[PDB]
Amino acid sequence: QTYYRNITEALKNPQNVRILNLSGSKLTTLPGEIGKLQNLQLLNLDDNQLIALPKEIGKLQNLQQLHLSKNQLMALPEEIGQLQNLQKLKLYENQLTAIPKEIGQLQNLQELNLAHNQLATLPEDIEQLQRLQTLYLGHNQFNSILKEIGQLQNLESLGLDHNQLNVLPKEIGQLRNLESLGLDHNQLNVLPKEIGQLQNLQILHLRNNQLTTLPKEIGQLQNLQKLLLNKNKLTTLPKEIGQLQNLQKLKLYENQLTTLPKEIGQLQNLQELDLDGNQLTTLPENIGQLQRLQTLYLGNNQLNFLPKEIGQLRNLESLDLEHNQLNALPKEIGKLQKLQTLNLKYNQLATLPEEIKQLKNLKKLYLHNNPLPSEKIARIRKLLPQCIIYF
């Protein structure tokens, strides 16, 4: 027997215990005799009522994973640094206000989850975690993040969402292996120019911040695939945004954009462009160069017209133009052979181009709240028999 769910049973046969699972057992205290389980590799203490840990936890020299999530931990003992084989430390949902400097001794640590605690600082000794690949600090009380974070050469994922960050340290740009950066729901008013140094960054979550502009250096993110900028205060995009050749998803929902740079057409790999809730008055002709675009959301903008180049979007499957002020659709709309959904609700369309009959793959057409004559729509229903027309 190597798997145990009971500490009393585990203590009768020590040197055999490899996994000790005590999750959801209303455990109020971990007995000091835990140190006797010399061959323990995984200790699961999740979903319990632990307020502290015994100093003897440091004796678990073979421990590779320590799961301590969803407890009421007020502090970690200095002896936590003695866990020289520890690769994963999970402490999400606790009441930690500090992390001991001895955390820097955990030279084998690959993953550290400190999300949902009450941390405002980290010891500078965090810079010694040169094997750390994943660091979660979301839902804490960081008003600022120490520049020593930028020293984590092997870091691939950094979670800093739901903190109180106004600014990022310029040293963040030294995370050359970073692939995912989570900054949702902070109060970021600006991004450092050094953000562009994150050459391996694939995913950047910046939703629900207070950004007004993006630095020109944002274009240096050569590996970026997903850029989530929902619910910020962007009034413009830098022309350098067009240098993001690997970008697949650009989410700009609920910003204050009035125009798009012509360089938007350079986004070779863009599949999804969400501009819902902006204040666009026009689209550049360059929009037609987005040959991989599948989804285009333009709801609640102020568009009066669409460029004829919209018809060049050969891979477009979904087009949302709800609640704009469109007076007409270009005849080129008929070239959208892959289009399946077209939402034209709440516009001022008094007519539709005859070329709409060429949309053989259209499945759903939303026309409610347009001054369209009923005879014209009845005729379109017979021209697109496979389409459901909501009018």
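From 1 onward, residues are counted along the sequence shown.
Exercise. Identify the stretch, either 103-111 or 190-198, whose C-alpha atoms have the larger mean B-factor according to the entry.
Key: The stretch with the larger mean CA B-factor is 103-111.
Quiz item: Mean C-alpha B factor from the entry: is it higher for 382-390 or for 4-12?
Solution: That would be 4-12.
Self-check item: Most elevated Cα B-factor in the entry, residues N324, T341, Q41, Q337
Solution: Among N324, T341, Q41, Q337, the highest C-alpha B-factor in the entry belongs to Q41.
Quiz item: Based on the PDB record, which member of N85, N163, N223, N255 exhibits the highest Cα temperature factor?
Solution: Comparing C-alpha B-factors across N85, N163, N223, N255, the maximum falls on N85.
Practice problem: Would you mind ranking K345 by its C-alpha B-factor against the rest of the chain and naming the third, lowest, middle or highest? | Solution: Its C-alpha B-factor, which the entry lists for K345, ranks in the lowest third among residues of this chain.
Exercise. Please place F142 in the lowest, middle or highest third of its chain by C-alpha B factor as given in the entry.
Key: CA B-factor rank for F142: middle third.
Self-check item: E79 by Cα B-factor - lowest, middle or highest third of the modelled chain
Solution: Highest third, going by the recorded CA B-factors of the chain.
Exercise. Name the third of the chain's ranked CA B-factors that contains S374, choosing lowest, middle or highest.
Key: According to the entry, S374 has a C-alpha B-factor in the chain's middle third.
Exercise. Compare the C-alpha B factor of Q271 with those of the other modelled residues in its chain, then answer lowest, middle or highest third.
Key: For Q271, whose C-alpha B-factor we compare with every modelled residue in the chain, the answer is the lowest third.
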